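Report on the following structure.
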Amino acid sequence: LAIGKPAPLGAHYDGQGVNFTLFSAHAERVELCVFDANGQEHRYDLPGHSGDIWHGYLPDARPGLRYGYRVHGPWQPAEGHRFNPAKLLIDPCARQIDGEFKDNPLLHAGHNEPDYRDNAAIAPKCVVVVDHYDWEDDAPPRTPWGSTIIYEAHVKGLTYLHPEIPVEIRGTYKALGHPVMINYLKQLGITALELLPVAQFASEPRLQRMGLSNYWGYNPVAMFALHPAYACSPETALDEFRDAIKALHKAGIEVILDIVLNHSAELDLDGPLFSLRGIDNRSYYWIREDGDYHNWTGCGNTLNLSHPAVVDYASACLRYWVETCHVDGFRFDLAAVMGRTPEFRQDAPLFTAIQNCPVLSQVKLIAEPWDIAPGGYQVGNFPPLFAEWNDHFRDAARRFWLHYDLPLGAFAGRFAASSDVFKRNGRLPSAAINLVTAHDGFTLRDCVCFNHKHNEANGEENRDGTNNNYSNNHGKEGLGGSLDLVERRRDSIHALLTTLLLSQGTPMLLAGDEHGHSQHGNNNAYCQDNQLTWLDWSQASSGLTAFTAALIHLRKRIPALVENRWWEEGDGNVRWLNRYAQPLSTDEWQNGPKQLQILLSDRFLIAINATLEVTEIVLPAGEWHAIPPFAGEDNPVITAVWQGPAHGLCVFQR
Numbered sequence: 136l137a138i139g140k141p142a143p144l145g146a147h148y149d150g151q152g153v154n155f156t157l158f159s160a161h162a163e164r165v166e167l168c169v170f171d172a173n174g175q176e177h178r179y180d181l182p183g184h185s186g187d188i189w190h191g192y193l194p195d196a197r198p199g200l201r202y203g204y205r206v207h208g209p210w211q212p213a214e215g216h217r218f219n220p221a222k223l224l225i226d227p228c229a230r231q232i233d234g235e236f237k238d239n240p241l242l243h244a245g246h247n248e249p250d251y252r253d254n255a256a257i258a259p260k261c262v263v264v265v266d267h268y269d270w271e272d273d274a275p276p277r278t279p280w281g282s283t284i285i286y287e288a289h290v291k292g293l294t295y296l297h298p299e300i301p302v303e304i305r306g307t308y309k310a311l312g313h314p315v316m317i318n319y320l321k322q323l324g325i326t327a328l329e330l331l332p333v334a335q336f337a338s339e340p341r342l343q344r345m346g347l348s349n350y351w352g353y354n355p356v357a358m359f360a361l362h363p364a365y366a367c368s369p370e371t372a373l374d375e376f377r378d379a380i381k382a383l384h385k386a387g388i389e390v391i392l393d394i395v396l397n398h399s400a401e402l403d404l405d406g407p408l409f410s411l412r413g414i415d416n417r418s419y420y421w422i423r424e425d426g427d428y429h430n431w432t433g434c435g436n437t438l439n440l441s442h443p444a445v446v447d448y449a450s451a452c453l454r455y456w457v458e459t460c461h462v463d464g465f466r467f468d469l470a471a472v473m474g475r476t477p478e479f480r481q482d483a484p485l486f487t488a489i490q491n492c493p494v495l496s497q498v499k500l501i502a503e504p505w506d507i508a509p510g511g512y513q514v515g516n517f518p519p520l521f522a523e524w525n526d527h528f529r530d531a532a533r534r535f536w537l538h539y540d541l542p543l544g545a546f547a548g549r550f551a552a553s554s555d556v557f558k559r560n561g562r563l564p565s566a567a568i569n570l571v572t573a574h575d576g577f578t579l580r581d582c583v584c585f586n587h588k589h590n591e592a593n594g595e596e597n598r599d600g601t602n603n604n605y606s607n608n609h610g611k612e613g614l615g616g617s618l619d620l621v622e623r624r625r626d627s628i629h630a631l632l633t634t635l636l637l638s639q640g641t642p643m644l645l646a647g648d649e650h651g652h653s654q655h656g657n658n659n660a661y662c663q664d665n666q667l668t669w670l671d672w673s674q675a676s677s678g679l680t681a682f683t684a685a686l687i688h689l690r691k692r693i694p695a696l697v698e699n700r701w702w703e704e705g706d707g708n709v710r711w712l713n714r715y716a717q718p719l720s721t722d723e724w725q726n727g728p729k730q731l732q733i734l735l736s737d738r739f740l741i742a743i744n745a746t747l748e749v750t751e752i753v754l755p756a757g758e759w760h761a762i763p764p765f766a767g768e769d770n771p772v773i774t775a776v777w778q779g780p781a782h783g784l785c786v787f788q789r
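Position one of the sequence shown corresponds to residue 136 (the working numbering), numbered consecutively onward.
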């Protein structure tokens, strides 16, 4: 093997061979492993070793070359070292994997002693590849944060059962860019399509043994590879995905990738050995004093995102998806791990690396500001470049409309972009990603049809999933029921949807919530790739869809919601009025009836009756007319006193 160069990261062909690079601070020797047409394996030590980077060059190596790594080093259970050359490892920067990660006993690295059985026969291989994709004139929409509306969707579930999409592309990357979806997305009014993880992932062994699979995809095995199962053309999925991205960009729609950098599919010490564990367990992961893993993600392991080599690796990965795939931003799963040096720091290595990266600092950065370990709760403590998922808005809103036990003041707070949380530093209202629901938990519809979760299909006897849903089945457990039950919850769904799309901040709507999508009571469908999870369009509600689309287009017309500036007492952006159209007093905010009016930019008014009985609300001065979707366009009815439904609302304009 030639000496090659200590960069770039991974394997890159240059016309006369391939240059292989691999990081490892504790490896004693690295063997590039190549395979011929007879499956026979050929091994070569990597000549190069600059710093902590091992490198080499294979002259005449052509794209399509299957390879893997074999790393020698200390096998010290107590010190957190797990080097086991008996197991073929994957290049952590591999851009394409060949093979499936099906459960197998040969994969385990070993407990106190390294398992000596060779795993080459059933271990997916990496594939040298070249990218000649022509981007033509694709440019980033760069949509203002003040006019952003995110739509969380699952690549397969979004179009798998869509009647208007050609059967052979449903559930694939190709579908995302088909005229049917692009048109729908545009007419609905969303600006950013956020996809559940698309970095090649595997199904954990525990899932495969239960006859299930990993549906969401929060279990990455190759962070630089595009998940092939969602591709129409697997051996060339990336081209397919980028074609869909061109289309979406042409229609002015952005693409945001949900991504996990906090853990790998290697899970805990009982999980399969794929890469990191055998390349440099000590460096890649957060190890405790006894050599075992720090389980701060609750997934088995936690990448040490503060380690310089890991920061390089991570930031290089994020850069790859932007430069090669042209995504418009990221949504970080269990983001707190990114700031976790031992403790969470807003100035942690990854954050400063992201902020100083000319490319990454230019895209949209969204975080789930926390992890499950003590000190991992970082709501409102992320760098000013990041926006944050506002889970407190999720629960607050649910409690306000479904439980009637939330102070009128707390709700007004959540509606005003949760200032008490983001109103610091140079952060704007848009840092608050408001959501009523998301992939985890109940769909919007199930929040009004179920009091309890029904996760028995997940195989854990309903022990899994959150127990704090703040839901209200309105009378009977389950979908359907009397016309009354149907109308009573339609009022709540309209109210929750309005709260979401009209609140100050960045709205994120969950795909399927516009049309009554249900998961039938399952509130943790992470392992369900079937109906109950896939969007059922043939059964979708056209009425609620239009109701939702009108809301989103109304928003774009309200200055107080699109300017993205904090509202100041009396500046005109908003006024809070009671049931008599009077400024709420001190008492009223504390224990007054849950009824108020929110007039924005003094031309739009939202009337709220969050009590259990129909009431009358006297509107402010002027001639107010209900507007779509609460009334028809060009509505001539002037409302002086609003007859408000129980736990409902209506919007007016003057």
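By construction, the Cβ of each residue, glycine as well, lies at the ideal position given by its N, Cα and C atoms.
Between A160 and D415, which are expected to be in contact by the criterion C-beta below 8 Å, what is the C-beta distance as a whole number of angstroms? 6 Å
For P493, the nearest candidate out of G145, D664, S450 and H527 (CA to CA): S450
Rounded Cβ spacing between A221 and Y202 (contact assumed at less than 8 Å): With a Cβ gap of about 17 Å, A221 and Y202 do not count as contacting.
Nearest to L224 by alpha carbon, out of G139, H207, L670 and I304? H207
Taking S418 as the reference, which of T432, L440 and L404 has the closest Cα? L440
Contact the segment 751 to 765 vs the segment 711 to 726: 3+ CB pairs below 8 Å: yes
State the CB to CB distance for the pair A360 and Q231, rounded to an integer number of angstroms; the pair is presumed to be in contact (CB under 8 Å). 6 Å
Taking all protein chains shown into account, do 16 or more other C-beta atoms lie within 10 angstroms of the C-beta of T721, making it buried, or fewer, making it exposed? exposed
Among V697, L747, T680 and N560, which has the Cα closest to the Cα of residue 793? In the structure as shown, the chain begins at 136 and stops at 789. Residue 793 is therefore absent and cannot be evaluated.
Taking the C-alpha atoms as reference points, what is the distance between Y268 and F218? 37 Å
Fully enclosed by the segment 427 to 503, which alpha helix (DSSP H) runs are 4 residues long or longer? 443 to 458, 471 to 474 and 484 to 491
How about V264: is its C-beta nearer than 8 Å to some C-beta of chain D? Any reference to chain D falls outside this structure, which holds one protein chain only.
For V153, is the classification buried or exposed, using 16 other Cβ atoms within 10 angstroms of its Cβ as the cut-off for buried? buried
Can you check which of these residues, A366, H184, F409 and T283, is closest to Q639 by C-alpha distance? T283
Does DSSP put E751 in a helix, in a strand, or in coil? strand
Please state whether DSSP places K291 in a helix, a strand or coil. helix
Within 10 Å of its beta-carbon, does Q778 have 16 or more other beta-carbons around it, so buried, or fewer, so exposed? exposed
If distances are taken between C-alpha atoms only, which option among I394, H609, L144 and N658 comes closest to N593? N658
Starting from the C-beta of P484, find all residues in its chain whose C-beta is less than 6 Å away, skip the five residues before and the five after it, and write them out in chain order. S441 and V446
How would you write the range of the beta strand (DSSP E) that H177 sits in, first residue to last? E176 to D180
With a cut-off of 8 Å on the beta carbons, I'd call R305 and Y295 a contact; round off their distance for me. 5 Å
Segment contact flag, the segment 542 to 554 with the segment 619 to 630, C-beta cutoff 8 Å, min 3 pairs: no
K321 lies in the alpha helix (DSSP H); which residues open and close that run? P314 to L323
Using only the alpha-carbon positions, how far apart do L193 and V333 sit? 31 Å
For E166, the three-state DSSP class (helix, strand or coil): strand
DSSP three-state label for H184, please. strand
Find the nearest neighbour of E299 within the set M316, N397, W421 and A470, judged by alpha-carbon distance. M316
Out of curiosity, what's the CA-to-CA distance linking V290 and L331? 7 Å
When the Cβ atoms of the segment 539 to 550 are set against those of the segment 465 to 478, are three or more pairs found closer than 8 Å? no
If you follow the alpha helix (DSSP H) that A630 is in, where does it begin and where does it stop? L618 to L637
Return helix, strand or coil for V772, following the three-state DSSP convention. coil
What does DSSP give as the partner residue(s) for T641 in the beta ladder? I568
Are the segment 675 to 689 and the segment 509 to 517 touching, with three or more C-beta to C-beta distances below 8 Å? no
Can you say whether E612 is buried or exposed, counting buried as having 16 or more other CB atoms within 10 angstroms of its CB? exposed
So the candidates are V263, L735, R692 and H246; which of them puts its Cα closest to the Cα of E704? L735
Contact between the segment 756 to 768 and the segment 579 to 596 is defined here as three or more beta-carbon pairs at a separation below 8 Å; is this criterion met? no
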